[PDB]
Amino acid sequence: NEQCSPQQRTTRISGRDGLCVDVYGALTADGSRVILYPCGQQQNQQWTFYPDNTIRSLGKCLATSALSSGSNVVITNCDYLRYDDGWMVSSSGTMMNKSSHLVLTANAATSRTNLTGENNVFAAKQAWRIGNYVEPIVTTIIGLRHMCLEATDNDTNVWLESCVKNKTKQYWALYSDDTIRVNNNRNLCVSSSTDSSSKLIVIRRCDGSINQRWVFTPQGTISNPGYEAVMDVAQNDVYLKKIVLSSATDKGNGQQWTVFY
């Protein structure tokens, strides 16, 4: 079944704030930098994946430009990488150079930001959705006692309430950078605590941080991979109105969630 071995696929790649990976100016010279840019149909946002672990646009290969962190990701002549092992994309959308371990990173959120190869800390600014469909996915998030996560207290807190169809604050926009955003205020992101003393999950201004990067796992958890922990209902009690970050455990059902889109 030769369908088991696809020879190639052309797609887009989106990340921070839903912006796309774009070869700046559609320039083709070796070392031409890649940036964030609003998503469109142009050829310099089309990335073709091959089974040699290359990722190509304009007929050239996406590549880091240094061994050390902090330098631009570029496109360059593919023959230069003949002896290179290429890119590996983790199941959570971390795009890593296999040899150096540097990952594709957007250090700012703004259009035309230069993408760089950086040390992986699992920040949201280091998370990407490889795919043609780049839009945020609008959803409810269902948890313990078949209740829905709801943005509360003027979009600063989050807890479970009984699901009500079309109740505005129960909708979330899942972005390409693994952020979970308040659907009617997309500058605000579900965030793990920034205060050491608290495990409480809250809503804060989107900032590209580790705290705001969430992976919907196939085992039904909502994982923060940089903190090696998962969303959990405090004391498995929905009436405490507290969602916390905890080590994954099978003890209760409070770590199980469903995406209902």
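Position 1 is the first residue in the sequence shown; the rest follow in order. For the two forms, the rigid core is made up of the largest set of C-alpha atoms that agree within 1.5 Å on superposition.
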In 8 other deposited structures of this protein, rigid core aligned: more displaced of 112 to 120 and 69 to 77 by C-alpha RMS: 112 to 120
Farther-lying stretch by C-alpha RMS in 8 other deposited structures of this protein (rigid core fit) among 103 to 111, 176 to 184: 103 to 111
Residue range whose averaged C-alpha B-factor is higher in the record, 27 to 35 or 216 to 224: 27 to 35
Comparing 82 to 90 with 68 to 76, the one whose average Cα B-factor in the PDB entry is higher: 82 to 90
Residue of maximum C-alpha B factor among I141, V164, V182, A123, per deposited coordinates: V164
Chain-wide C-alpha B factor ranking for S197, given as lowest, middle or highest third: lowest
CA B-factor ranking of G15, expressed as a third of its chain: lowest
Chain-wide C-alpha B factor ranking for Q45, given as lowest, middle or highest third: lowest
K251 - which third its CA temperature factor falls in, relative to the rest of the chain: highest
Where the record places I137 (Cα B-factor, split into thirds across the chain): middle
